[PDB]
Structure formats: C-alpha cells, structure tokens
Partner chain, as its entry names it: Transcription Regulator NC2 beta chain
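Have a look below at one chain only, the form solved without the partner chain, in structure tokens format.
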C-alpha cells in the first residue's frame, strides 16, 4: 500500500433530457445561462451547489462538468435537468453516465523524471520543450498520468473511481524507485 489516497478533482458526465430544446429561450429565461451560437453551439449554465457548469445542446443531451464526486455530479445533473423542466420542457433524465474522472495527489518527494523516462520509454513521453511534466500512458488500467519533478501527480481518463486508485498504486512503486 502507498498509504496515499488520490483526491478526485473533476468529473464529467452526460445525461439525455429526451426532448429537443430551444437554446434561445432557455438562455433568455434562465438566469445563470449564456448562449452565443456564433461562439459555441450549446447553452452554458452554472449552479453554485454542486459547483458545476453544464453544456446543454438543442438535441436534448447535456454535459455536466466540475463535480468532485459521482454522487455530486449526478445531483448537479438533475438540478440542471430541473431548470430545463421548469422552463416548460418534457425533460427526462435518461442514461446518466460518468464519462471521465480526474484525480491528483502528492507522493511527497521529488522525482527523477530523467530516470523514469529511461526505464519506461515504452509508456513515457518527457519533452521539456513541449510540457514540463512526464506523460505516462498506463495500459492496465487505461489511465494517463502527468508526473512532475515536484512529486505532484495528476491522473485522468477514468470511467470509475477504482481506475484512478489502481493506476496510482501501480505507479507509486515505480516513482519511489526514482526518488531524488
């Protein structure tokens, strides 16, 4: 055991309202809405609790972003569906699904990326001219990690919380072996 639990930072989920929508009306009536089709084809809405931001499409499908938990992402997703409902639309809540989860943590010691890239070239990409962090594409679980010399680590691409935890457990030993 690493004895470290990576903290969930962002969850992206989708849900289908079932009925087609009219962004113009929504944008107009809804308070915290925003709609500039010239700029982006969807309505951008934001609730403060769960602190989130949503992307609502005229197709009826929407994207929920910003929640720090699956429970919270779904809650926000429902609140969004409600305001749409309340503005008079046959809004349903079909196929809610978590699409991506992001986690981050600190192994608490500096890392020798130079070394890690040497023995792990197969999964690594560390080009200082392109990005200051080492990009690790783990195969099992299919998660991408961003490793920094400071010891901070970011993990993403997860469909479920377990994948985040698993990937970190897999990488911890490796990282320890490259401690400065």
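Positions refer to the first chain, counted from 1.
The same protein also exists as the form deposited with the partner chain bound; that form is not shown, yet it is the one meant from here on.
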Residue 57, heavy atom within 4.5 angstroms of the partner chain in the bound PDB entry: no
Should residue 16 be counted as a contact of the partner chain in the bound PDB entry, where contact means heavy atoms within 4.5 Å? no
Please run the contact check for residue 170 against the partner chain in the bound PDB entry: heavy atoms, 4.5 angstroms, yes or no? yes
Close approach of residue 146 to the partner chain in the bound PDB entry, 4.5 Å, heavy atom: no
Contact set, 138 to 164 vs the partner chain in the bound PDB entry - heavy atom within 4.5 angstroms: 138, 139, 140, 142
